[PDB]
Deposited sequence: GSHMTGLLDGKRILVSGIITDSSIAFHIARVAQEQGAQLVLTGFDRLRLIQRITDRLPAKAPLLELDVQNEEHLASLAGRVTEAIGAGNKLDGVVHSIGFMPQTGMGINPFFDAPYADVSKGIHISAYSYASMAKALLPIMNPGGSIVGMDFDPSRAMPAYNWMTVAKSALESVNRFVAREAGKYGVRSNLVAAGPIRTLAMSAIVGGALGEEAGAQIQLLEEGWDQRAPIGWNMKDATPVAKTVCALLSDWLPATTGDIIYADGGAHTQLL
């Protein structure tokens, strides 16, 4: 018997096999969840990444900036899940920020056009997705998004930090809307993870300062932190997807090795 036995969950944000969403999807399927996966612009290549998952899963096209995609998403999911069946979970693992708003680039030199695009994708889309999917969610359901603790400023992450701050605020309002359906809405604030996205930033002064953040994180974390292992994060997301945190919503769960509770 698995944690998510007989639950229908939509997982978005799977770009590579190193994406956090892939490990969330992997662990979810290991725990008995029936999945619906979304992607964009490389569905042939994405499906082949998806094929490495334990179980087969339908793949739907979703650009969270496309209003037509969002307006038809709910229906397209139903034609895949089956009529009379609803979703029990939605995982939002989508974030983006142009180079000008991250890395070694001066914080002031990021034009708003780039920042607005990042915030649309990283923060506003969380509400867009909730708006589209809540009608086809069962009571007791769970919406989960991804987060990186933005309560304090930091190097390199720059404007992505701001987009995460907005996301945290958006989540609290999504929770108000989700409550009417009996649905919870939460974020998982993870410690630093070596996704291909972040791995690129490290290589592409800033990269050294990222290493300083990574090193300091593991030391600070009372139980340690492995940036190469996304599994503890994925299990945390699955925990929120289950029925074992049923009184938690509009909230943030920190899967960071306990680093945010330690100063030094």
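Of the deposited sequence, positions 1-4, 209-212 lack any modelled C-alpha atom.
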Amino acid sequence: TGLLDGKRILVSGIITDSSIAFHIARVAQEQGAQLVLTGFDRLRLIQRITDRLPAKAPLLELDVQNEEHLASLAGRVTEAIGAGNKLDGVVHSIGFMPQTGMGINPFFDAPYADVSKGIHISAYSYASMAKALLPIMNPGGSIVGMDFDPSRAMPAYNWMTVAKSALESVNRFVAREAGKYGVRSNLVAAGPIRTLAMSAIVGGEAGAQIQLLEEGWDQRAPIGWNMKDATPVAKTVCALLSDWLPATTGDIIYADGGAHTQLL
From here on, numbers count along this sequence of modelled residues.
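In the other compared entries of this protein that model both flanking residues, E205 lacks coordinates in at least a third of them.
As the entry records it, the average C-alpha temperature factor is higher for 95-103, out of 156-164 and 95-103.
Of the two segments, 118-126 and 69-77, the one listed with the higher mean B-factor is 69-77 (C-alpha atoms only). As recorded in the PDB entry, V202 shows the highest C-alpha B-factor of the residues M227, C238, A221, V202.
For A247, the recorded CA B-factor ranks within the lowest third of the chain. Only modelled residues enter the ranking. Ranked by Cα temperature factor within the chain, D149 sits in the lowest third according to the deposited record. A190 sits in the lowest third of its chain by CA B factor, as recorded in the PDB entry. For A208, the recorded CA B-factor ranks within the highest third of the chain. Only modelled residues enter the ranking. For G84, the recorded CA B-factor ranks within the highest third of the chain. Only modelled residues enter the ranking.
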